[PDB]
Amino acid sequence: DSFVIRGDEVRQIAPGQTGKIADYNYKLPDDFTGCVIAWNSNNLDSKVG
Amino acid sequence: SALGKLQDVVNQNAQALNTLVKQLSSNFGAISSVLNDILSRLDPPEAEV
Amino acid sequence: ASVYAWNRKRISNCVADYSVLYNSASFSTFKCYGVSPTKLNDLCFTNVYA
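Residues numbered from 1 in each chain as written, not as in the entry; some residues may be left out. Chains lettered and ligands numbered in written order. Part of a larger assembly, values for the part shown. Heavy atoms only, no water.

- The record lists cryo-EM as the method behind this PDB entry and 3.00 Å as its resolution.

- For chain C, the name recorded in the PDB entry is Spike glycoprotein, with Severe acute respiratory syndrome coronavirus 2 as its organism.

- By the naming in the PDB entry, chain A is Spike glycoprotein, taken from Severe acute respiratory syndrome coronavirus 2.

Structure, rendered in structure tokens:
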């Protein structure tokens, strides 16, 4: 499951979290198994304008 | 004290029941001894604990 | 106030909508310890202090 979020919102991609994108964008179950992967993409997903 | 042998058995059984009822008032290290308080205060990841 | 002289305000005799605290994205940290954040609208309190 691939998406792009902010830098402070990476703590919300986790089981048992309270948060904003956890509730209204992307929810993980309490019995979730797997790995969450995050890396900075300021060189690709950003524009000066 | 003529009938002390029967009264001893009755008192032991009633005291065991009273101890078993009294043990519900202990939280055993949890935040509360009432299940409804935990279920109304906490999210299921920590209410599970 | 500064942290050595932190200001304590009493909160009493009010109905509190904590959903405007949960739904605001302005807070960097919104972390509750003895209570779930979403259950705050369902409970009654006293000795509320900010």
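1. A word on the interface of chain B and chain C
Turning to step 1, where the next piece is worked out: Chain B puts 5 residues into the contact, and the matching count from chain C is 7 residues.
Turning to step 2, where the next piece is worked out: Taking both sides of the interface into account, the surface hidden between chain B and chain C amounts to around 470 Å²; carbon and sulfur atoms contribute 46%.
Turning to step 3, where the next piece is worked out: The largest per-residue losses of area from chain B upon contact with chain C belong to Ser40, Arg41 and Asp43 of chain B, which jointly make up 75% of the total buried on that side.
Turning to step 4, where the next piece is worked out: Linking chain B with chain C are 0 salt bridges.
Turning to step 5, where the next piece is worked out: Between the two partners, chain B and chain C, sit 3 residue pairs in polar contact. (Contact = heavy atoms within 4.5 Å. Buried area = accessible area lost by both parts, 1.4 Å probe. Salt bridge = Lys/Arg side-chain N within 4 Å of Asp/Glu carboxyl O. Polar contact = N/O pair within 3.5 Å; in protein donor to acceptor, adjacent residues only side chain to side chain.)

2. As for the packing of aromatic side chains
One pair of aromatic rings is described through two measures. These are the centre distance and the angle between the planes.
Residues and elements named next belong to chain C.
Turning to step 1, where the next piece is worked out: With the rule as written, the count across this model stands at 3 aromatic pairs over all chains.
Turning to step 2, where the next piece is worked out: Where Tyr18 meets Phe45, the ring centres are 6.4 Å apart and the plane angle is 85°; that geometry is what we call edge-to-face. Highlighted residues: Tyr18 in the loop between β1 (10–11) and α1 (19–22) and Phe45 in the loop between α1 and β2 (48–49), separated in sequence by 27 residues.
Turning to step 3, where the next piece is worked out: Taking NZ or CZ as reference, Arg8 lies 4.3 Å from the ring centre of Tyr49, over its face. (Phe/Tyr/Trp six-rings, centres within 6.5 Å; stacked < 30°, edge-to-face > 60°. Helix = DSSP H or I, 4+ residues; strand = E, 2+ residues; numbered from the N terminus. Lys NZ or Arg CZ within 6 Å of the ring centre and 35° of its normal.)

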